[PDB]
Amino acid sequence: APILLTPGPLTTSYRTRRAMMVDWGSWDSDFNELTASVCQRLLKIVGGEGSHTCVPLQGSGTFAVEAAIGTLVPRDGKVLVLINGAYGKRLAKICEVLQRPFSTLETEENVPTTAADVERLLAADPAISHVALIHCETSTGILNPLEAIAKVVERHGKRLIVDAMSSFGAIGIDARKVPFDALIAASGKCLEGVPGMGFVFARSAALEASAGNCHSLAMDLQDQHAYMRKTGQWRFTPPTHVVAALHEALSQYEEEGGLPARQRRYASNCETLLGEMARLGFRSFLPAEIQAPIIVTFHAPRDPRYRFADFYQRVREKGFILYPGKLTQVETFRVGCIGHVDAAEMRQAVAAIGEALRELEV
């Protein structure tokens, strides 16, 4: 099994995988307990103990992003979508599919979404009800300044929907300090669970009033929450093994020292990565002042010999799975620095990368 240097699904600890060796009953109180501990550990992290509720959902994070747009953004609401990358585009496609009146702020891939340009467009038309953005655009690993953007959004009585899939668990987000109606994350990223379940931190009072709003049965967070309030059970088949794994990964996250411990490791991995790759002659697409310690985009070698598909295949053989580029304009590739990986796996990865290239991109 190669190490996965991707934005998830990623390399998980074996504790994490062990947890899946157990079959649970979805009706069973033990599983009801498991579910509740997961929700409360999650709600603990985001700092939403008083004001929000953690609604878990089957499927990927996109499922839960849609679920949140669907259940919280009303029929008569306009959303500003910030779109500085691929995740941002998905937000646009989701509002459209839900035919939700919406408006787009595309700010190109190499530069952050600014509080400033969010300010002007908001001032224009009080029509807009909601603002939606991605915290970390994994397409390039740009970190958007959410705290600056949240404050600017709140200052205008508009409401924030934050996609924190790639960043939740690793970049500090505190609910009482970053006002939002919805933060969405998933199981298989910075928390280091396996993939297969999403969750939404929704404001208690927004969700309670959202009864009937959702365009979807399966993705109705109000119906989901209400039923789970009542019975402690999921409406529909839960992915039991995924929830257990996430519970166990949450155990490890707490043991290791929480967000700061997870952030320190990733920041360290991010450095070793940039450090070693620079020493190979690689340029990062982003300079350090904007670079999230989640995933690094690197300019492809100019060498007319360079083939990503080749380069990927040789590095796999040496025990490391990298990630393709996602930019239309300049050829690149990506290396994650997250999951159950330390500074020393990073340098072995770069050393492998170097070896792969010497057969024969120069």
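Start at 1 with the first residue shown and count on from there.
Undergrad: I need to verify one thing: averaged over C-alpha atoms only, is the B-factor higher for 70-78 or for 240-248?
TA: Taking the mean C-alpha B-factor of 70-78 and of 240-248, the larger value falls to 70-78.
Undergrad: Which is higher in the entry, the mean Cα B factor of 287-295 or that of 189-197?
TA: That would be 287-295.
Undergrad: Highest CA temperature factor in the entry: which of 58, 329, 37, 332?
TA: Answer, based on the entry's C-alpha B-factors: 329.
Undergrad: Please work out which residue in 165, 94, 161, 171 has the highest C-alpha B-factor recorded for this crystal structure.
TA: 94 has the highest C-alpha B-factor of those listed.
Undergrad: Per the entry's values, where does residue 215 land by CA temperature factor relative to the rest of its chain, in the lowest, middle or highest third?
TA: Highest third - that is where residue 215 ends up once the chain's C-alpha B-factors are sorted.
Undergrad: What third of the chain, by the recorded C-alpha B-factor, contains residue 257?
TA: Its C-alpha B-factor belongs to the lowest third of this chain's values.
Undergrad: Lowest, middle or highest third: which one holds residue 268 when the chain's residues are ordered by CA B-factor from the entry?
TA: Residue 268: CA B-factor falls in the lowest third of its chain.
Undergrad: Tell me, lowest, middle or highest third: where does the Cα B factor of residue 53 rank within its chain?
TA: For residue 53, the deposited C-alpha B-factor lands in the middle third.
Undergrad: Ordered by C-alpha B-factor within the chain, which third holds residue 1? Give me lowest, middle or highest, please.
TA: CA B-factor rank for residue 1: middle third.
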